[PDB]
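To find a chain, count down the sequence lines: A is the first, B the second, and so on, and within it residues start at 1. Only this structure's heavy atoms are used, side chains among them; waters, hydrogens and symmetry mates stay out. Both ligands and their constituent atoms are indexed starting at 1 by order of listing.
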Amino acid sequence: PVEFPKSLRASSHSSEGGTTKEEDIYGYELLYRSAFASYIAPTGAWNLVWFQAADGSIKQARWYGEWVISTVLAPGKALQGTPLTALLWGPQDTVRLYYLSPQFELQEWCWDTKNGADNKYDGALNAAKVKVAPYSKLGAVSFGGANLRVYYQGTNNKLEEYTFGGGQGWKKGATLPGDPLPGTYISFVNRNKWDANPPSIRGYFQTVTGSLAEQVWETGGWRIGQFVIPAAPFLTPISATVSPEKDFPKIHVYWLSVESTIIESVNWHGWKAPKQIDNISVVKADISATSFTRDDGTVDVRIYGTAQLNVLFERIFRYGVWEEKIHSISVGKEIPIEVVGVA
Amino acid sequence: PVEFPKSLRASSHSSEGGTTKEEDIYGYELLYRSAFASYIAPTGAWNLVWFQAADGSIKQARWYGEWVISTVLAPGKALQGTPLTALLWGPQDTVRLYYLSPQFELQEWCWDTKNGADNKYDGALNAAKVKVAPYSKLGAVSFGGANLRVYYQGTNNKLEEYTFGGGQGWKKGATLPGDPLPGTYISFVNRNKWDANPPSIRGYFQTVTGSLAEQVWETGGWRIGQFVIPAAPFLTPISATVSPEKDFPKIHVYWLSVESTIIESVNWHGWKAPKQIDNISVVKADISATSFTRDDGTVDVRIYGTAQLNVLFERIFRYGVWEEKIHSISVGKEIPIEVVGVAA
Ligand SMILES: C[C@@H]1O[C@@H](O)[C@@H](O)[C@H](O)[C@@H]1O
Ligand SMILES: C[C@@H]1O[C@@H](O)[C@@H](O)[C@H](O)[C@@H]1O
Ligand SMILES: C[C@@H]1O[C@H](O)[C@@H](O)[C@H](O)[C@@H]1O
Ligand SMILES: C[C@@H]1O[C@H](O)[C@@H](O)[C@H](O)[C@@H]1O
Ligand SMILES: C[C@@H]1O[C@H](O)[C@@H](O)[C@H](O)[C@@H]1O
Ligand SMILES: C[C@@H]1O[C@H](O)[C@@H](O)[C@H](O)[C@@H]1O
């Protein structure tokens with residue numbers, strides 16, 4: 001078997017106090033510690049997830065009744081271990097996916113489905129040849145329709161913005177405040193609706209001290225926000241998602257504990273205390289959160305990432321509870337391996 | 001600060017019972033969880049270590065009184081996250097470093113210093129265009145001088161060999177026995193001397209059950225050896241090294257515990273029980289061991305790898321003890337970060 005810390009739970013079926021003996025799955029055609037991007041339709045009707053296969057291609061898992069796997073970018077397009085982040089607007093007929101080339105330049109994949117189209121193509125961002133820090137992660141927001149903002153870590157470790165809109169094409173945007181940890185995970189959200197202008201932008205990142213911090217944009221410019229987590233694991237995965245709950249934006253910020261369990265902090269008329277959503281240890285690796293608002297005004301959340309041993313998980317927050325069934329989405333060949341908890 | 005499990009020690013200056021509050025270093029120009037290859041001179045006079053920088057270049061740290069950093073392969077030569085493994089012979093004037101291209105093909109960097117030369121160049125292996133599983137690690141041995149063997153994982157997850165020698169150039173060698181874990185770390189050693197022929201080859205790897213296993217070559221062919229560890233962490237780093245002690249090969253096999261501490265098992269007239277060499281938790285990431293026989297007949301070992309938060313460590317076994325002070329080798333810009341031990 002493989003050994004796992006006996007104090008940690010590797011799966012939903014682990015013993016109550018930690019792993020004793022169980023079987024877990026290794027999906028070896030998923031890149032180990034793959035990046036993840038995702039977007040659930042604002043209607044909740046379908047889901048998109050993007051990830052990197054072991055062979056370096058970028059793939060898509062689309063849910064509509066069942067999951068269907070496809071390849072969106074061939075090997076050679078993306079850095080091995082590229083970050084990923086996605087946009088969806090229209091409300092839901094226009095998709096963009098951002099990634100890094102093997103030369104650490106921003107790249108964009110486009111999927112247009114407006115009016116029944118189905119056009120996939122390389123975006124104009126590629127031609128700007130924007131070089132980023134080689135360990136940069138990526139975030140992005142959209143507003144007013146097709147006004148786009150892409151966030152990355154520059155070579156001097158500051159967070160930086162690139163902009164699209166107004167007929168200008170892609171142009172350098174702001175340099176953000178704060179002192180980001182080199183290689184920090186980042187996640188940016190727009191609290192205002194996809195068609196509204198101005199946006200209300202929040203970004204979450206880890207600082208050089210290890211704390212988690214918040215970027216805030218409102219008209220007038222960028223500032224460091226009130227969200228402060230004094231300590232978090234080194235290079236903790238971070239992902240945030242926002243949707244309106246009872247007509248007020250509900251921000252959900254997710255990161256990992258030292259036990260590699262998922263911690264959530266919610267902003268909704270103020271920040272609520274961080275709380276662990278479940279006690280199952282995920283692989284310490286990129287996660288991706290997405291959300292939508294039901295007709296009753298409540299907000300569903302989905303989180304994707306890597307579960308032990310190497311499987312794509314889906315965690316579901318629905319009707320106000322985290323569901324005990326955590327799903328796995330197969331992306332290729334798999335082997336089952338016995339796991340034993342060791343002290 | 002950053003949070004770290006309070007039951008684990010992040011450094012040699014951590015509190016006796018774990019991490020409480022301390023400062024640790026982040027070298028952000030070292031690729032996070034870089035691969036490592038290494039070779040100490042058989043005289044012990046100098047040391048070579050290779051690693052991947054954040055920009056994807058492959059660099060070298062050479063010790064002779066002090067460490068000197070130099071770049072050997074520019075960005076674009078190597079897969080981001082490439083494995084690395086090295087050969088040294090002549091006894092100590094000819095170096096080969098194996099890595100993967102961004103298209104998952106075996107590559108070879110050559111450094112020839114015989115006759116006072118200083119030639120660095122791409123090896124003939126590159127032209128064979130040997131595609132490997134994208135998660136493959138790499139091992140290699142040399143014997144009889146320039147008879148080379150390179151070990152990798154093929155697309156069906158078997159371990160495979162490529163050979164060089166006999167005027168035949170590079171050719172496909174054996175397919176090895178056993179059922180290797182996809183992406184297993186691998187480490188191959190020659191129990192016989194660099195200028196002896198035939199070799200006596202051992203390779204250490206993790207199987208689909210999670211156990212650790214051993215490949216054996218002796219005249220007659222390949223077989224699965226007697227070294228078995230029934231359970232080990234998933235995708236545990238593995239590195240082995242051999243040097244003679246009292247005229248018999250001393251194999252040292254290193255892997256990680258679930259606490260990410262380094263475990264050693266020695267073979268020398270039989271296998272000895274595995275034992276933890278120190279109680280400091282490394283980053284669970286590639287390690288690289290090397291060894292030489294000291295003038296008093298004892299065997300020195302050096303291990304390189306990633307220590308918290310992201311620095312290149314050197315662990316030293318010398319005069320029969322693992323030295324308590326674990327060094328770091330700077331490879332670029334660094335920042336200090338406070339670390340606090342936290343409970344569940
Ligand atoms: C909204 C715009 O759509 C296409 O024109 C892309 O080429 C641009 O880069 C941008 O994504
Ligand atoms: C020993 C041999 O040295 C050089 O000729 C290389 O090009 C070969 O690939 C091999 O390493
Ligand atoms: C919404 C704002 O649009 C402006 O053009 C940018 O300069 C700001 O940084 C921000 O993205
Ligand atoms: C919605 C709130 O906006 C403010 O500007 C921030 O300081 C808070 O942390 C939060 O994001
Ligand atoms: C030492 C032996 O040399 C032979 O040529 C190879 O076929 C074997 O696999 C092994 O490497
Ligand atoms: C040196 C010994 O040779 C034998 O063949 C192997 O079975 C042992 O595990 C060990 O390597």
Best match, B:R149, B:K172, B:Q168, B:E161: closest heavy atom to atom 3 (O) of ligand 5: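 Nearest option to atom 3 (O) of ligand 5, by heavy atoms: B:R149.
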Proximity of A:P199 to ligand 3 by residue part, where a heavy atom lies under 4.0 Å: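 The side chain, only.
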Any B:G173 heavy atom less than 4.0 Å from ligand 5: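 Flag not set, B:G173 not near ligand 5.
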Polar side chain donor-acceptor pair, B:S288 to B:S239, under 3.5 angstrom: no
Check: B:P180 main-chain N/O paired with B:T207 side-chain donor or acceptor under 3.5 Å: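 Between the backbone of B:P180 and the side chain of B:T207 there is no qualifying donor-acceptor contact (under 3.5 Å).
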What atoms of ligand 4 come closer than 4.0 angstrom to any heavy atom of [X]?
{"X": "A:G225", "answer": "7 (O)"}
{"X": "A:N267", "answer": "1 (C), 10 (C)"}
{"X": "A:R223", "answer": "5 (O)"}

Presence of salt bridge, A:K114 and A:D93, under 4.0 angstrom: no
4.5 Å side-chain heavy-atom contact, A:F248 and A:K250: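 No, side chains not in contact.
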Row check, A:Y185 ring normal vs A:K137 NZ/CZ: under 6.0 Å, within 45°: yes
Sub-4.0 Å heavy-atom approach of A:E218 to ligand 4: no
Protein heavy-atom partner closest to atom 8 (C) of ligand 4 - residue, atom, separation in Å: A:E214 OE1, 3.5 Å
Ligand 4 contact on A:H269 by region, counting heavy-atom pairs under 4.0 Å: neither
